[PDB]
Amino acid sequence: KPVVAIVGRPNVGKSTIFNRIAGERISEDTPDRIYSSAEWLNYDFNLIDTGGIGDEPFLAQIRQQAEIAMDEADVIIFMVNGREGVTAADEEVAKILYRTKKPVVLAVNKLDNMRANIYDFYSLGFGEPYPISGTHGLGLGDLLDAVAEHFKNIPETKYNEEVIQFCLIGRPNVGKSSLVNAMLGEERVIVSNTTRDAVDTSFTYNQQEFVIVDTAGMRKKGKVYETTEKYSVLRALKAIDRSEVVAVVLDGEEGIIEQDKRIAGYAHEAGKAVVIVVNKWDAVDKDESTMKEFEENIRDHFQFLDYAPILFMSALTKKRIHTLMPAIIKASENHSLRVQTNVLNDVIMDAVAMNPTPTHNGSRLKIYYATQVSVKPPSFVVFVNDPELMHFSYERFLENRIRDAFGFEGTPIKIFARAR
């Protein structure tokens, strides 16, 4: 079932790594020239081979084939040639593969792990570069480890790449069902159309394709009595895996409860963009200064969700319901957001300029370079002398500096340390 792609510029030796691992052609899949993976090789997957019968010239071939790969394949082996380092022609191929939520693994062809010394590869922004010998097959196993690892994260339910999926999560009786039907009744929304894909509500808002994942979970309770939360809770954690934005909805009336932290924590530690919703705010009786007293109340108990918005709204009175889709669309953008490597590093340079780096006992930390590695959430790698020397307090001081530069509200962000 999993389908691996093999993208790059022309003459990087795609076909030499393709014919190494591509087994036998299979002309009963959702089909192209499809090849089952090597029978000798112990992972099982499908090679996709690009052959789309627009414009013909130099630049407008990579457009065509990378697009096809981006659409059908589940993991994408972006492949470069190491015989002269990176090219601006490759940087352009990287720019085409930036427009995709699916994971992309860099392959540096014809080098050692040694000759893979150039920061230019990391700058492309698909994480660790993996060196290969297309002649000898060296370094191909560790590569396919990085490919196969992403098979346990491949969705069972898929949509068009332009579609954005999300979920509403919360305890028993907080208005998730009411909230959604208000958002459907909403002015700007249009709907769509048995069982297999009759579980998620597919609407459009501002001519943008949108999926609410597991409306079936809303619709279950209504035909079924409450045996336990433990089933709804885990059915929500299943939806978060499929989703990209988690709309973590509280009840304004009772306030925050132990169990709220459980379902939200998972979304943070899943890495998804979080947008908190305080429903039933009509039923909250207000004074001069209570709504901000409710926020500062939220930020103690949810101190792992700082980056998230907090809204207040109501499904009954229809107050601030219009705010919901806006906040989502924002979280999606920030969650998907990819940054430019020159700009990033200047922010990192600026970061040290203000606050001196950590001292240990003479040997001070130095930051050499910094690159974004993947999106959703946006993940960064700071290159230093000593990864152990960069402490978390400094590590997130860089987050806040990076958040200042490119916004980031809605998304969490990953910072890593590598060396050498």
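Residues carry their position along the shown sequence, with the first being 1. Take the two forms, superpose them, and find the largest set of C-alpha atoms that agree within 1.5 Å; that set is the rigid core.
Superposition on the core shows that, in 5 other deposited structures of this protein, the C-alpha atoms drift more in one of 156-164 and 215-223; this is 215-223. Relative to the displayed structure, the C-alphas of 225-233 lie farther away on average in 5 other deposited structures of this protein than those of the other candidate, with 225-233 and 270-278 compared after rigid core superposition. For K330, the fraction of other compared entries lacking coordinates, among those that model flanking residues, is zero, nowhere near a third.
Among the other PDB entries of this protein that were compared and that flank it with modelled residues, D44 is modelled in all, so it is never left out in a third of them. According to the record, 1 to 3 deposited residues between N193 and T194 are left without atomic coordinates. The modelled chain breaks after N113 and resumes at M114, leaving 1 to 3 residues of the deposited sequence without coordinates. Taking only CA atoms, the mean B-factor in the PDB entry is higher for 284-292 than for the other of 284-292 and 154-162. The stretch 255-263 shows the higher mean C-alpha B-factor when 255-263 is compared against 240-248 in the entry. Of all the options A38, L47, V382, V375, the entry's greatest CA B-factor is assigned to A38.
By the numbers in the PDB entry, the CA B factor is greatest at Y119 among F312, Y98, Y231, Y119. Sorting the modelled residues of the chain by their CA temperature factor places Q207 in the lowest third. Ranked within its chain, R418 lands in the middle third, by CA B factor from the PDB record.
Sorting the modelled residues of the chain by their CA temperature factor places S133 in the highest third.
In the deposited entry, the Cα temperature factor of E409 places it in the middle third of its chain's modelled residues. In the deposited entry, the Cα temperature factor of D306 places it in the lowest third of its chain's modelled residues.
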